[PDB]
Amino acid sequence: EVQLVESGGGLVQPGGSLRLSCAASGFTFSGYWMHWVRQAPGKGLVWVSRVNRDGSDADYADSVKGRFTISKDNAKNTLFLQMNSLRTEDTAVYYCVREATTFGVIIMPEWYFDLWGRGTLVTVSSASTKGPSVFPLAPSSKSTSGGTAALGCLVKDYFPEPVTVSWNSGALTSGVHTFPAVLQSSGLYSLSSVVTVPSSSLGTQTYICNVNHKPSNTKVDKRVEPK
Amino acid sequence: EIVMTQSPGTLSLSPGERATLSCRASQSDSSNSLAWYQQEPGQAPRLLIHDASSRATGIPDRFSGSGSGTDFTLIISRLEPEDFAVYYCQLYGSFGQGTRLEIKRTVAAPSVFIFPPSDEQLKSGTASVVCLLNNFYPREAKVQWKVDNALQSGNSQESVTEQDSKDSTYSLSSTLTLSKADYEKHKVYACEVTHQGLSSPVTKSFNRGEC
Amino acid sequence: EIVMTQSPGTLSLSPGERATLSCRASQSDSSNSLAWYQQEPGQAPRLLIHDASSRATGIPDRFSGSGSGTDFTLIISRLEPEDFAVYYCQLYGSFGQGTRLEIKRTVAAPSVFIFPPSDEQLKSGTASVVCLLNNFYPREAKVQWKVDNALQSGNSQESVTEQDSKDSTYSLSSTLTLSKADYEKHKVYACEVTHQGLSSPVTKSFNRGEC
Amino acid sequence: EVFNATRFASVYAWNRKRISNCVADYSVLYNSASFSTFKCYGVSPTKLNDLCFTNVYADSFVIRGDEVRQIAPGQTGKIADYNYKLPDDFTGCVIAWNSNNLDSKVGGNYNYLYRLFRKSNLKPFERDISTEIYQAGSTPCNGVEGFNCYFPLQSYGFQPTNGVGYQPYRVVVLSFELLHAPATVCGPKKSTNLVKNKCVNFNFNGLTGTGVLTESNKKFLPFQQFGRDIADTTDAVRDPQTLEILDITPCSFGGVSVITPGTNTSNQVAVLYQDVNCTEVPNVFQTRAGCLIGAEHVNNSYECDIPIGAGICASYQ
Amino acid sequence: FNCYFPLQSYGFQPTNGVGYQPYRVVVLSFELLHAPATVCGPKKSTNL
Ligand SMILES: *[C@@H]1O[C@H](CO)[C@@H](O)[C@H](O)[C@H]1NC(C)=O
Ligand SMILES: *[C@@H]1O[C@H](CO)[C@@H](O)[C@H](O)[C@H]1NC(C)=O
Ligand SMILES: *[C@@H]1O[C@H](CO)[C@@H](O)[C@H](O)[C@H]1NC(C)=O
Ligand SMILES: *[C@@H]1O[C@H](CO)[C@@H](O)[C@H](O)[C@H]1NC(C)=O
């Protein structure tokens with residue numbers, strides 16, 4: 001099949017440099033124009049850059065004018081996007097996209113994309129990787145309402161990339177609430193995962209939560225007390 | 001240069017009822033070379049119709065639109081559980097703001113639960129109080145805090161979770177963060193949510209110190 | 001597919017001052033294929049101008065408007081007490097939302113009266129409470145109800161009445177409909193009206209059970 | 001490769017390429033729906049695959065639509081007088097295809113320039129690259145810009161949102177010359193077996209004709225392709241495959257005369273083929289004035305009745 | 001391969017440019033062949 005694999009990305013301090021690769025397999029790389037499309041977290045799409053069959057010309061966007069360079073290494077079958085002086089607002093996920101062509105007497109592109117590879121998230125901030133702080137969230141007396149309740153965990157001071165969390169080694173769901181994390185001051189991501197489980201179940205089965213930290217390999221498991 | 005404007009901003013219908021959407025180029029005509037893309041929130045956008053008339057191969061026949069001049073409309077013949085996505089129009093140099101094709105349901109009563117910071121959160125130097133709205137519909141809400149029985153804003157954050165497929169309802173959360181010294185001086189913290197589908201705004205108060 | 005937007009939404013003048021209506025063709029240009037209509041809310045619309053330049057038969061000479069391009073504009077030379085109607089534009093594939101022309105007057109203080117449900121209403125199965133504002137101008141007011149010393153929304157129905165011609169004022173009432181199982185729990189029912197032309201918002205309290 | 005090239009040079013520096021020693025195929029280019037304009041002057045588009053050209057020129061540049069009409073013989077315009085002039089007796093085809101999606105970019109093309117001012121008009125197939133400041137007025141500027149002194153080049157700024165009149169258009173001008181030379185570019189026409197000593201049509205490397213091909217005692221030098229007689233007619237050719245000289249002789253022809261006594265006596269006629277041997281035509285008598293069919297030759301001699309010629313006369317007994 | 005449908009649709013959409021709007025065309029072809037004329041103008045006849 002035809003797919004595009006993006007390589008590179010990660011946290012880079014503001015004003016730094018980074019290079020992104022786009023390997024294409026399943027089709028002929030030479031004959032297709034290529035573009036880059038950004039996607040800000042929880043925002044719309046914006047066009048970035050454009051490259052010919054060989055890379056003679058570029059169509060750098062005004063936002064990335066003079067700081068982003070696109071290259072099309074046709075011999076080794078790859079697309080490259082390297083930038084300098086990257087700014088904070090450019091935090092997004094990048095999509096390597098293709099330009100449809102008729103391949104008749106004249107290539108004749110049509111400015112509409114066909115396939116989208118998996119995007120690569122890029123981060124710029126002045127913060128550094130830190131271990132998340134996890135604390136229990138169990139309603140005590142006069143706070144839980146009715147027989148049913150909801151118990152969870154809240155993480156803090158977690159600058160690394162979004163973290164995954166599970167309960168009882170993923171043996172139950174009970175209507176999981178993902179609650180995607182959000183950014184606070186000083187470059188921190190906060191996530192609060194709560195599972196709606198009735199409070200009249202603690203005592204017969206252990207209640208644990210594991211926050212699997214993939215960037216820094218900081219596997220943390222904790223228990224929840226009914227207070 | 002050219003700006004894509006999408007109408008309507010949001011659009012919710014029954015799972016079977018069809019719908020139409022229209023994009024507007026700011027000025028001039030571009031030989032009717034317009035594209036529509038449907039992006040599921042988890043996945044990458046997928047092309048639906050190119051050149052504003054012809055639909056790409058592999059896309060269901062249901063998607064069929066046409067437009068010319070300033071306006072380009074796409075109409076869907078019917079609806080199924082795949083419209084939970086954002087539809088962006090794309091001309092040469094810009095993408096549209098997009099429109100979230102929502103699924104319609106009956107009015108649901110929100111449930112609010114307030115969780116205080118525990119002792120381990122207290123000793124860190126800051127106190128965060130969380131509010132959990134659950135199983136509420138439709139997508140419009142406003143949650144406020146009554147600190148020392150007085151309304152204050154600009155210091156709390158709100159996050160909304162995307163619609164869940166199995167029951168077509170969601171949850172919202174809101175975290176208010178204050179330092180420990182500020183958190184100790186006030187006494188009463190109350191949480192309220194406003195909903196057009198509620199007879200009265202449910203107010204849930206809280207008392208510090210537990211027991 | 002064409003949208004025909006009219007501006008301003010509501011325009012108010014003295015019964016003699018002239019004005020203009022600016023209605024913008026959203027897509028491209030009509031090339032003068034346009035018409036205007038004036039409809040009083042009591043009967044059918046009547047044609048005023050055709051081809052956006054020429055006038056029909058029987059119209060007063062005061063109606064004379066010209067427009068080209070996106071901005072299609074209607075001029076009236078002088079005003080008479082008949083303008084209390086809705087002006088609709090006519091592009092071949094759409095209709096305007098309509099613009100209301102209002103006779104201006106000095107700001108008037110509304111008079112609020114609260115009527116509780118009668119004894120016959122007290123046995124039917126549902127209680128209705130009505131709040132009537134009388135002799136009020138202009139057409140902008142906010143009505144908020146206080147049940148058991150607590151505000152609520154999403155359950156009352158508001159209705160507006162057209163302005164009279166003898167004295168140029170209107171009346172607006174809102175009714176709250178609720179089952180008996182909830183009416184007897186609360187004691188005080190109050191109506192608060194907010195108006196920009198009032199020194200202070202007007203509140204009126206009502207005690208259940210009469211006296 | 002010229003059609004598929006990613007970049008096309010500016011009009012004031014239109015790029016010229018020479019094409020030789022290959023077999024072309026204009027049927028694909030003409031039948032393609034990609035090209036917008038395809039106008040051939042001095043030749044027809046439907047026959048380009050039947051001809052042979054000594055040398056082909058391919059000139060490439062990029063203009064806008066409103067002035068695409070200016071690429072034609074005897075036109076007046078900024079390109080027609082300052083950038084690219086075609087000869088009045090032009091022999092070739094001019095092909096233009098819209099190129100909004102290749103060249104035009106957001107912000108405009110600053111790399112595409114065209115000459116707006118020049119001291120005098122241009123000559124056919126003449127390229128000017130000088131950037132000397134033009135003296136618009138009577139004040140000598142000595143290479144200093146300012147009032148009444150402008151830079152001759154001027155930018156295009158192709159915007160993809162522009163109307164089709166100002167939109168980019170890639171133009172390729174195929175110029176052919178049909179003169180006396182061994183043609184190197186020919187259409188995709190398969191050769192056939194050669195036959196001699198017969199009245200046949202022949203198409204020798206684009207030279208058409210009818211006649212009889214025979215072995216020649218002429219000794220062509222190893223640079224001459226075809227020979228001519230005193231009256232300037234092609235009477236000898238060189239085979240393009242075996243390099244063997246062949247004489248060309250027009251097929252036997254002549255006038256036909258009907259010799260008859262008056263129908264008022266009999267309906268019999270005789271046919272005289274003037275200057276024609278009647279072993280070539282498909283009782284029979286051969287004379288000096290051709291040959292006569294339908295008349296019996298006798299030993300007797302009488303006074304001339306119907307003159308045939310060269311001392312031969314015919315009569316009805 | 002390379003087999004495409006012989007027909008194509010105009011798609012006359014009401015708000016189009018003057019170069020794309022539908023124009024009705026009638027072509028009148030006259031036969032001046034030697035024959036007794038059947039269609040003439042309103043030219044009135046005159047006494048012989
Ligand atoms: C091919 O061309 C050569 C000269 O280049 C000639 O001698 C030879 O006979 C030709 N062969 C055929 C099959 O025409
Ligand atoms: C042909 O013979 C007829 C028969 O008498 C005669 O009238 C006529 O003159 C003759 N014509 C010639 C040309 O001898
Ligand atoms: C006619 O043809 C024969 C046979 O080829 C030839 O010998 C003869 O000379 C020819 N006659 C004339 C008059 O040319
Ligand atoms: C004519 O006379 C010659 C005498 O030399 C003879 O050979 C020839 O056969 C005669 N022709 C005919 C047709 O008898």
# chains A, B, ... in the order shown; residues from 1 in each chain; ligands from 1

$ residues_near_ligand --ligand "ligand 3" --cutoff "9 Å" --atoms "only C-alpha atoms and all ligand atoms" --output "PDB file with N, CA, C and O atoms, in the first residue's frame"
ATOM      1  N   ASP D 275       4.018   9.935 -79.476  1.00  0.00           N
ATOM      2  CA  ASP D 275       5.286   9.781 -78.764  1.00  0.00           C
ATOM      3  C   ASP D 275       5.175   8.753 -77.642  1.00  0.00           C
ATOM      4  O   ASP D 275       5.754   8.908 -76.567  1.00  0.00           O
ATOM      5  N   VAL D 276       4.413   7.691 -77.894  1.00  0.00           N
ATOM      6  CA  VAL D 276       4.191   6.637 -76.913  1.00  0.00           C
ATOM      7  C   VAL D 276       4.344   5.288 -77.600  1.00  0.00           C
ATOM      8  O   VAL D 276       3.711   5.031 -78.629  1.00  0.00           O
ATOM      9  N   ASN D 277       5.196   4.438 -77.035  1.00  0.00           N
ATOM     10  CA  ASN D 277       5.320   3.056 -77.472  1.00  0.00           C
ATOM     11  C   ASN D 277       4.123   2.266 -76.957  1.00  0.00           C
ATOM     12  O   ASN D 277       3.771   2.374 -75.779  1.00  0.00           O
ATOM     13  N   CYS D 278       3.483   1.471 -77.818  1.00  0.00           N
ATOM     14  CA  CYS D 278       2.288   0.769 -77.363  1.00  0.00           C
ATOM     15  C   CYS D 278       2.587  -0.573 -76.715  1.00  0.00           C
ATOM     16  O   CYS D 278       1.652  -1.333 -76.443  1.00  0.00           O
ATOM     17  N   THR D 279       3.852  -0.889 -76.465  1.00  0.00           N
ATOM     18  CA  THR D 279       4.130  -1.875 -75.432  1.00  0.00           C
ATOM     19  C   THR D 279       4.029  -1.264 -74.041  1.00  0.00           C
ATOM     20  O   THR D 279       4.098  -1.996 -73.050  1.00  0.00           O
ATOM     21  N   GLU D 280       3.868   0.061 -73.957  1.00  0.00           N
ATOM     22  CA  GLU D 280       3.602   0.749 -72.702  1.00  0.00           C
ATOM     23  C   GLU D 280       2.122   1.036 -72.482  1.00  0.00           C
ATOM     24  O   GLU D 280       1.711   1.220 -71.331  1.00  0.00           O
ATOM     25  N   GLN D 286       3.690   0.814 -85.643  1.00  0.00           N
ATOM     26  CA  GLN D 286       4.587   1.742 -84.969  1.00  0.00           C
ATOM     27  C   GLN D 286       5.148   2.735 -85.976  1.00  0.00           C
ATOM     28  O   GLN D 286       5.754   2.336 -86.976  1.00  0.00           O
ATOM     29  N   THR D 287       4.948   4.021 -85.710  1.00  0.00           N
ATOM     30  CA  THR D 287       5.410   5.098 -86.575  1.00  0.00           C
ATOM     31  C   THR D 287       6.382   5.989 -85.802  1.00  0.00           C
ATOM     32  O   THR D 287       6.756   5.698 -84.663  1.00  0.00           O
ATOM     33  N   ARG D 288       6.795   7.086 -86.437  1.00  0.00           N
ATOM     34  CA  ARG D 288       7.672   8.044 -85.774  1.00  0.00           C
ATOM     35  C   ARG D 288       6.891   9.022 -84.903  1.00  0.00           C
ATOM     36  O   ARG D 288       7.448   9.586 -83.955  1.00  0.00           O
ATOM     37  N   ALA D 289       5.603   9.218 -85.192  1.00  0.00           N
ATOM     38  CA  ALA D 289       4.759  10.153 -84.458  1.00  0.00           C
ATOM     39  C   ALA D 289       3.976   9.480 -83.341  1.00  0.00           C
ATOM     40  O   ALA D 289       2.842   9.885 -83.051  1.00  0.00           O
ATOM     41  N   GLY D 290       4.542   8.466 -82.711  1.00  0.00           N
ATOM     42  CA  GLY D 290       3.811   7.608 -81.811  1.00  0.00           C
ATOM     43  C   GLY D 290       3.526   6.269 -82.455  1.00  0.00           C
ATOM     44  O   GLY D 290       4.258   5.793 -83.325  1.00  0.00           O
ATOM     45  N   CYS D 291       2.437   5.645 -82.014  1.00  0.00           N
ATOM     46  CA  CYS D 291       1.985   4.434 -82.675  1.00  0.00           C
ATOM     47  C   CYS D 291       0.479   4.486 -82.882  1.00  0.00           C
ATOM     48  O   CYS D 291      -0.257   5.125 -82.120  1.00  0.00           O
TER      49      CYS D 291
END

$ closest_atom_pairs --of "chain D" --to "chain B" --cutoff "9 Å" --atoms "only C-alpha atoms" --output "tab-separated table"
residue	atom	partner	partner_atom	distance
D:106	CA	B:93	CA	7.2
D:107	CA	B:1	CA	8.5
D:160	CA	B:92	CA	7.6
D:161	CA	B:30	CA	6.2
D:162	CA	B:28	CA	8.1
D:163	CA	B:29	CA	7.8
D:164	CA	B:31	CA	8.9

$ write_last_selection --atoms "N, CA, C and O atoms" --output "PDB file, in the first residue's frame"
ATOM      1  N   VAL D 106       1.889  31.966  -3.962  1.00  0.00           N
ATOM      2  CA  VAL D 106       1.410  33.001  -3.055  1.00  0.00           C
ATOM      3  C   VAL D 106       2.503  34.046  -2.873  1.00  0.00           C
ATOM      4  O   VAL D 106       3.679  33.714  -2.674  1.00  0.00           O
ATOM      5  N   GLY D 107       2.122  35.317  -2.960  1.00  0.00           N
ATOM      6  CA  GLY D 107       3.070  36.405  -2.955  1.00  0.00           C
ATOM      7  C   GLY D 107       3.502  36.871  -4.329  1.00  0.00           C
ATOM      8  O   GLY D 107       4.017  37.987  -4.456  1.00  0.00           O
ATOM      9  N   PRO D 160      -1.969  33.213  -7.860  1.00  0.00           N
ATOM     10  CA  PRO D 160      -2.926  32.166  -8.253  1.00  0.00           C
ATOM     11  C   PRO D 160      -4.372  32.623  -8.220  1.00  0.00           C
ATOM     12  O   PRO D 160      -5.220  31.996  -8.866  1.00  0.00           O
ATOM     13  N   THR D 161      -4.683  33.693  -7.491  1.00  0.00           N
ATOM     14  CA  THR D 161      -6.043  34.209  -7.432  1.00  0.00           C
ATOM     15  C   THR D 161      -6.376  35.152  -8.583  1.00  0.00           C
ATOM     16  O   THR D 161      -7.537  35.557  -8.710  1.00  0.00           O
ATOM     17  N   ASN D 162      -5.403  35.505  -9.420  1.00  0.00           N
ATOM     18  CA  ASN D 162      -5.659  36.434 -10.511  1.00  0.00           C
ATOM     19  C   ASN D 162      -6.586  35.815 -11.553  1.00  0.00           C
ATOM     20  O   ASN D 162      -6.711  34.592 -11.670  1.00  0.00           O
ATOM     21  N   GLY D 163      -7.244  36.684 -12.314  1.00  0.00           N
ATOM     22  CA  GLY D 163      -8.090  36.224 -13.392  1.00  0.00           C
ATOM     23  C   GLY D 163      -7.291  35.620 -14.529  1.00  0.00           C
ATOM     24  O   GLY D 163      -6.090  35.849 -14.678  1.00  0.00           O
ATOM     25  N   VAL D 164      -7.990  34.838 -15.356  1.00  0.00           N
ATOM     26  CA  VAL D 164      -7.343  34.085 -16.425  1.00  0.00           C
ATOM     27  C   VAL D 164      -6.606  34.989 -17.402  1.00  0.00           C
ATOM     28  O   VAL D 164      -5.693  34.532 -18.098  1.00  0.00           O
TER      29      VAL D 164
END

$ residues_around --residues "range 101-103 of chain D" --least-positions-apart "4" --cutoff "12 Å" --atoms "only C-alpha atoms" --output "ChimeraX atom specification"
/A:33,50-53,56-59,99-101,106-112 /B:30-31,33,92-93 /D:4-10,61-64,97,107-112,156-161,167-170

$ residues_around --residues "residue 104 in chain C" --least-positions-apart "2" --cutoff "10 Å" --atoms "only C-alpha atoms" --output "tab-separated table (two decimals) with N, CA and C atoms, in the first residue's frame"
chain	number	residue	atom	x	y	z
C	11	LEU	N	-34.04	49.54	12.20
C	11	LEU	CA	-33.70	50.94	12.04
C	11	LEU	C	-34.90	51.78	12.46
C	12	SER	N	-34.66	52.77	13.31
C	12	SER	CA	-35.71	53.59	13.90
C	12	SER	C	-35.48	55.05	13.53
C	13	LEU	N	-36.54	55.72	13.07
C	13	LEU	CA	-36.49	57.14	12.73
C	13	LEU	C	-37.76	57.82	13.21
C	14	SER	N	-37.71	59.15	13.23
C	14	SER	CA	-38.92	59.94	13.40
C	14	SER	C	-39.81	59.75	12.17
C	15	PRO	N	-41.12	60.01	12.30
C	15	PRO	CA	-42.03	59.78	11.16
C	15	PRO	C	-41.77	60.67	9.95
C	101	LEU	N	-38.71	48.83	10.19
C	101	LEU	CA	-38.63	50.28	10.31
C	101	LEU	C	-39.56	50.72	11.43
C	102	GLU	N	-39.01	51.49	12.37
C	102	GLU	CA	-39.69	51.81	13.62
C	102	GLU	C	-39.90	53.32	13.75
C	106	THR	N	-39.86	59.11	22.63
C	106	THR	CA	-39.11	59.25	23.87
C	106	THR	C	-39.18	57.96	24.68
C	107	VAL	N	-38.14	57.73	25.48
C	107	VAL	CA	-38.07	56.51	26.29
C	107	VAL	C	-39.19	56.52	27.32
C	137	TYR	N	-41.33	51.37	25.93
C	137	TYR	CA	-40.56	51.74	24.75
C	137	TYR	C	-39.15	52.04	25.22
C	138	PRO	N	-38.11	51.67	24.45
C	138	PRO	CA	-38.12	50.98	23.15
C	138	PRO	C	-38.29	49.46	23.28
C	168	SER	N	-48.02	54.59	19.73
C	168	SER	CA	-46.66	54.11	19.47
C	168	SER	C	-46.02	53.52	20.74

$ residues_around --residues "residue 138 in chain D" --least-positions-apart "6" --cutoff "12 Å" --atoms "only C-alpha atoms" --output "JSON, numbers by chain"
{"D": [147, 148, 149]}

$ write_last_selection --atoms "N, CA, C and O atoms" --output "tab-separated table (two decimals), in the first residue's frame"
chain	number	residue	atom	x	y	z
D	147	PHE	N	13.54	60.09	-12.62
D	147	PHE	CA	12.45	60.56	-13.47
D	147	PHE	C	12.86	60.50	-14.94
D	147	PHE	O	13.98	60.88	-15.30
D	148	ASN	N	11.94	60.02	-15.78
D	148	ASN	CA	12.18	59.85	-17.21
D	148	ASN	C	13.34	58.90	-17.50
D	148	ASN	O	13.99	59.00	-18.54
D	149	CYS	N	13.61	57.98	-16.57
D	149	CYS	CA	14.64	56.97	-16.75
D	149	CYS	C	14.25	55.75	-15.93
D	149	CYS	O	14.34	55.78	-14.70

$ atom_distance --atom1 "atom 5 (O, counted along the ligand's line) of ligand 1" --atom2 "CA of residue 51 in chain D"
21.0 Å

$ residues_near_ligand --ligand "ligand 1" --cutoff "9 Å" --atoms "only C-alpha atoms and all ligand atoms" --output "compact mmCIF listing (two decimals) with N, CA, C and O atoms, in the first residue's frame"
# COMPACT_ATOMS: atom_id res chain seq x y z
N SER D 191 8.93 2.74 -42.99
CA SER D 191 9.43 2.59 -44.35
C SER D 191 8.93 1.29 -44.97
O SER D 191 8.57 0.33 -44.27
N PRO D 240 17.80 6.77 -48.59
CA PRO D 240 18.19 7.12 -47.22
C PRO D 240 18.67 5.94 -46.39
O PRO D 240 19.16 6.15 -45.28
N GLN D 241 18.55 4.72 -46.90
CA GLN D 241 18.95 3.53 -46.16
C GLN D 241 20.15 2.81 -46.75
O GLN D 241 21.03 2.37 -46.00
N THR D 242 20.22 2.68 -48.07
CA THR D 242 21.33 1.99 -48.73
C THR D 242 22.32 2.95 -49.39
O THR D 242 23.34 2.49 -49.91
N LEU D 243 22.04 4.25 -49.38
CA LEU D 243 22.91 5.25 -49.99
C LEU D 243 23.20 4.92 -51.45
O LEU D 243 24.33 5.03 -51.93

$ residues_around --residues "residue 66 in chain A" --least-positions-apart "3" --cutoff "12 Å" --atoms "only C-alpha atoms" --output "MDAnalysis selection string"
chainID A and resid 49 58:63 69:70 82:86

$ residues_near_ligand --ligand "ligand 4" --cutoff "12 Å" --atoms "only C-alpha atoms and all ligand atoms" --output "PDB file with C-alpha atoms, in the first residue's frame"
ATOM      1  CA  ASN D 283      -3.805  -4.042 -86.226  1.00  0.00           C
ATOM      2  CA  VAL D 284      -0.972  -2.286 -84.369  1.00  0.00           C
ATOM      3  CA  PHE D 285       1.564  -0.170 -86.254  1.00  0.00           C
ATOM      4  CA  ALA D 295      -5.229   0.842 -88.814  1.00  0.00           C
ATOM      5  CA  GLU D 296      -3.749  -1.727 -91.193  1.00  0.00           C
ATOM      6  CA  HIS D 297      -0.285  -0.912 -92.538  1.00  0.00           C
ATOM      7  CA  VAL D 298       0.142  -1.535 -96.269  1.00  0.00           C
ATOM      8  CA  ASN D 299       2.897  -1.557 -98.888  1.00  0.00           C
ATOM      9  CA  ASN D 300       0.964   0.715-101.247  1.00  0.00           C
ATOM     10  CA  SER D 301       1.271   4.496-101.522  1.00  0.00           C
TER      11      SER D 301
END

$ residues_around --residues "residue 152 in chain C" --least-positions-apart "4" --cutoff "12 Å" --atoms "only C-alpha atoms" --output "list in words"
residues 193, 194, 195, 196, 197, 198, 199, 200, 201, 202 and 203 of chain B; 143, 144, 145, 146, 147, 148, 156, 176, 189, 190, 191 and 192 of chain C

$ closest_atom_pairs --of "chain D" --to "ligand 2" --cutoff "10 Å" --atoms "only C-alpha atoms and all ligand atoms" --output "Markdown table"
| residue | atom | partner | partner_atom_place_in_ligand_line | distance |
| --- | --- | --- | --- | --- |
| D:261 | CA | ligand 2 | 13 (C) | 10.0 |
| D:262 | CA | ligand 2 | 13 (C) | 6.9 |
| D:263 | CA | ligand 2 | 1 (C) | 8.4 |
| D:264 | CA | ligand 2 | 1 (C) | 4.8 |
| D:265 | CA | ligand 2 | 1 (C) | 7.0 |

$ write_last_selection --atoms "C-alpha atoms" --output "mmCIF file, in the first residue's frame"
data_model
loop_
_atom_site.group_PDB
_atom_site.id
_atom_site.type_symbol
_atom_site.label_atom_id
_atom_site.label_comp_id
_atom_site.auth_asym_id
_atom_site.auth_seq_id
_atom_site.Cartn_x
_atom_site.Cartn_y
_atom_site.Cartn_z
ATOM 1 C CA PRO D 261 -13.337 9.197 -91.593
ATOM 2 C CA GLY D 262 -16.565 11.117 -91.323
ATOM 3 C CA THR D 263 -19.299 9.434 -89.293
ATOM 4 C CA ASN D 264 -21.341 10.299 -92.393
ATOM 5 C CA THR D 265 -19.706 7.258 -94.046
#

$ decode --residues "range 52-65 of chain A" --atoms "N, CA and C atoms" --output "PDB file, in the first residue's frame"
ATOM      1  N   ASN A  52       8.556  21.075  -5.483  1.00  0.00           N
ATOM      2  CA  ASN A  52       8.326  20.616  -6.847  1.00  0.00           C
ATOM      3  C   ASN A  52       8.740  19.155  -6.989  1.00  0.00           C
ATOM      4  N   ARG A  53       8.878  18.695  -8.235  1.00  0.00           N
ATOM      5  CA  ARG A  53       9.353  17.337  -8.477  1.00  0.00           C
ATOM      6  C   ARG A  53      10.830  17.184  -8.138  1.00  0.00           C
ATOM      7  N   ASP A  54      11.606  18.264  -8.230  1.00  0.00           N
ATOM      8  CA  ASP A  54      13.025  18.222  -7.915  1.00  0.00           C
ATOM      9  C   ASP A  54      13.449  19.207  -6.835  1.00  0.00           C
ATOM     10  N   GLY A  55      12.594  20.146  -6.451  1.00  0.00           N
ATOM     11  CA  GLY A  55      12.925  21.104  -5.418  1.00  0.00           C
ATOM     12  C   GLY A  55      13.471  22.429  -5.899  1.00  0.00           C
ATOM     13  N   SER A  56      13.238  22.794  -7.162  1.00  0.00           N
ATOM     14  CA  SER A  56      13.760  24.057  -7.675  1.00  0.00           C
ATOM     15  C   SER A  56      13.120  25.251  -6.978  1.00  0.00           C
ATOM     16  N   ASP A  57      11.806  25.213  -6.774  1.00  0.00           N
ATOM     17  CA  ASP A  57      11.074  26.325  -6.191  1.00  0.00           C
ATOM     18  C   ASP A  57      10.445  25.922  -4.865  1.00  0.00           C
ATOM     19  N   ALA A  58      10.082  26.940  -4.090  1.00  0.00           N
ATOM     20  CA  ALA A  58       9.456  26.762  -2.791  1.00  0.00           C
ATOM     21  C   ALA A  58       8.336  27.780  -2.646  1.00  0.00           C
ATOM     22  N   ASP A  59       7.355  27.450  -1.813  1.00  0.00           N
ATOM     23  CA  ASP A  59       6.169  28.278  -1.610  1.00  0.00           C
ATOM     24  C   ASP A  59       5.959  28.534  -0.127  1.00  0.00           C
ATOM     25  N   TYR A  60       7.017  29.015   0.521  1.00  0.00           N
ATOM     26  CA  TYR A  60       7.038  29.171   1.968  1.00  0.00           C
ATOM     27  C   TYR A  60       5.934  30.120   2.420  1.00  0.00           C
ATOM     28  N   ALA A  61       5.196  29.717   3.451  1.00  0.00           N
ATOM     29  CA  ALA A  61       4.111  30.543   3.958  1.00  0.00           C
ATOM     30  C   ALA A  61       4.661  31.774   4.671  1.00  0.00           C
ATOM     31  N   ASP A  62       3.794  32.780   4.834  1.00  0.00           N
ATOM     32  CA  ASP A  62       4.213  34.009   5.503  1.00  0.00           C
ATOM     33  C   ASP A  62       4.604  33.752   6.952  1.00  0.00           C
ATOM     34  N   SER A  63       3.918  32.823   7.621  1.00  0.00           N
ATOM     35  CA  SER A  63       4.273  32.486   8.996  1.00  0.00           C
ATOM     36  C   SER A  63       5.666  31.877   9.075  1.00  0.00           C
ATOM     37  N   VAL A  64       6.042  31.081   8.078  1.00  0.00           N
ATOM     38  CA  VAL A  64       7.327  30.396   8.061  1.00  0.00           C
ATOM     39  C   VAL A  64       8.277  31.019   7.038  1.00  0.00           C
ATOM     40  N   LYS A  65       8.087  32.295   6.716  1.00  0.00           N
ATOM     41  CA  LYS A  65       8.899  32.942   5.694  1.00  0.00           C
ATOM     42  C   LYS A  65      10.294  33.230   6.238  1.00  0.00           C
TER      43      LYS A  65
END
